[PDB]
Structure formats: structure tokens, C-alpha cells
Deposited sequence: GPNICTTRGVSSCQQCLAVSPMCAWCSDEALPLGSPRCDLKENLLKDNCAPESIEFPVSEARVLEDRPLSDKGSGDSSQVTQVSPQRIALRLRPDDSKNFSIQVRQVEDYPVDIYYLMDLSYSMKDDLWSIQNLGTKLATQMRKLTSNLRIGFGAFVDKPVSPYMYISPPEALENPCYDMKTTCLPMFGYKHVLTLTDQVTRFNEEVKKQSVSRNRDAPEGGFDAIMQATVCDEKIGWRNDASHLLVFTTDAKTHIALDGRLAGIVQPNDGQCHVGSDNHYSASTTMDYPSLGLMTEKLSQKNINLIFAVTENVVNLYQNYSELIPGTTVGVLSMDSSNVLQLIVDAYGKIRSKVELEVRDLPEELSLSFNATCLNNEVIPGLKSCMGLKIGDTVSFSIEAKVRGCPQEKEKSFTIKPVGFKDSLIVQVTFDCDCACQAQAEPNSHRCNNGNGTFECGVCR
């Protein structure tokens, strides 16, 4: 029979709006006293209430900041719109749009191990060229690159190390009447930095050392380059690539016994404050299994960039350390670069919306529309995004009655993104006719006070 608007006290226009979103109030004094003022808008117009006198506020959104999404490092707009103004009435809700897009480049770390043994003398230009091309081309591919490097030779101990004459220690090249650097196990040289100018300069500074046997201690460098988190400075939320260069075969676990080294590799970080691998002369080379374990654990991809003469060797090793790949080190750096581009090509990401500072009274609900173009209701996150991809959500916010705060704001931020949507919320609870209060009763005249929208107290 009757509706909720009429059948609930309704002394005022404000109490009328307080009942339900579908209620309207009739300010018109020409209306007969038999008619109810608080009713449906259908009923008011039906009961001769002048359409000009009807109070019936409708909730709305408003695109205040609506800059477009970016394409292809200046401003970078990934969320859009940035600012919406919601204006709600008691109990009522309102919906609005939002578009997220992956514009920013993906974070990639590249640590670079340089074999600086004397055999690499003729290969030196190649590893400097490869390093400086890796740095340069990857920077073009991703502005969020970080790059660093270290060098290795072999365990500085007899028989690997020349231990005579005494001068040969500081200068392993002594018996050739030429000078080169003293031997070392593993030396960390440059922590993962975003300074490509600096990286390329330090890489070009490097010179070779010398040792006795062809197989080198690069696997020490891999193990320390993996497990030494703080020293190398891998980022948690970033893609990890460890590039290994050499022109010869490598020592493996149980080789150390020829230097009298029998203690197995603990797979721990022993690169202290002086950036040298302090366990080089006291601990055996790591086994393939231990490397596989720590590479996996620290979430790092190994790339062997070896010269042609040993590609087949490291290819075979690569098959025993799943997920490893092998490129060819040479005067041309294309082969190895492709491996990294291909690694970058695989990086997928996700847009996961999160709401900050949502008032007690408000409550949101989302419909996600992802790459597949299907509105999954209740979901607020999309997966499998490449650079350039855009996803879209529909948010709806419902206010609980009418709060006294009247103006609050809350944010809708995608996790991982610096961009967000600030939504400013006004709570419209009054009627426009309340502005004309007219303090003096005039009609009531019994100390009632005020007369608004055609009514006493």
C-alpha cells in the first residue's frame, strides 16, 4: 500500500532525505494540507506539487583531474583519472571508472663477473665492450636498470698461484719482464648502481692478472655474487641477472684438494668490508648443486657469456643448473644482449588496487576488466601485464547514512605504483530550501521559531 517516505514521522525536509534515496520533499505551499510532503517524486508530481518546488538531490561523480595515460620519463600518468569528486546523500551510493596502465619500465639488476686471468688478455676488449654495451643498451630498454660488476681469477694459492720468485707475488707477470696486477680469488668492484657513465668507466679501467692453470675460480665468484645480498645490492622487487664471462674451463668442487683445500663450500657470504672473497684459500669450490640451490633461493638467473672454444662445455653445465642460459662472448655483443632482451621480454606484472583512508562510514566494491575483456565482479586486481597494457575497474562506494564529518577523502592506489586516485567525498544531507530559514516564525507564532520549505517545527 503506502511507501516508506510518508510512513516515518517526516517533520522536516532533512528527516525526509534521511529515510531513503528515493524520497522527495514538496516545498510548495499551494499543496493541500491533506497531502504528505515527504513522498516519492512520482507521487508529488501526481499530487499537483509544482516541479520547481520539489527537493530531490541526486548523487554524482566529477572528473576533476583527468590527464590522459602516458605512451612511449617526465610526468608518467599510469592511473586516470587522478581526482574525482563524489557527492552522496544518506544511504545512497555512486559508481565511477578508473584505468590503470603499466607505463614505467621494469626493474632489472645486472651483475657482471669479469674473468681477468692472463688468458683473457686478448679477450679483454671483448668483455669491456660487452659490459659497456650491456650497460648502454639495457638503459635504453629500461630506465629502471641497475648494473654492477666484479672480477675473478683463481684461488691465490700454489699450485694455481705462481709463488716464486718473491717478486712474482706482487707481479705474476714478472718472469715475462712485464707487469700486471697481483692475483686474487674474487673481487667485488662496483655495487649495483644506476650510474652507467661511472660503470662503463670502471669497466674500461680493468686490467688482467695471471695464474698457472687454465681452469679458473669463477664458480667462487658466482656463489659469492649470489649469496652476498647486501654487498652486491640486489633489489627485492626486481629482476636478477648474473652475467659470467670467461675464455677457459672452470674449477669445480673437489678440485681444491690439489691446493690442499678440503673443507666443503658452506654457500655463505664471505665477502667482508674489503670486497675480497676471504674464504678463497680455505674453502673448496662450490658444487653445481649448491650453486643451483643458492641461485634459486636468491632468485637469480645465470648467463654464461663464454668464448666459442668453451660454449659446448658451459652449455652442458647449463643443463645441470636448470634455467641457466649460454651466449657467446666475442667482439660482437649481439648474442649475449639477445639473452637479456629475451629475459626482459618475459617479465609480466599485475595491477592490484588497494584503498587507503577509507572512512568508517564508506565501503567500496569493484569490478575488474582485464586484458581478456571480461568484467569479473568483486575482483580488484589484474595479472599478466606487459609494458603498455591497460586494465580498467569500476568502483562503487556506498555511504552509511548521513555523517557529521561532511567532507572526507580516501585514496585508491595500485600496489607498486606511485600513481593513485584521490576521491573527495561530500555528504549532501540538507535541502537547498534550508538556506532560506527565515528565523521569525510568522505563521506558528507560539515560540516555535523558523519557517522553512513550508512547515513549522
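**Q** Which bits of the deposited sequence have no atoms placed for their C-alpha?
**A** That stretch is 73-76, the only one.
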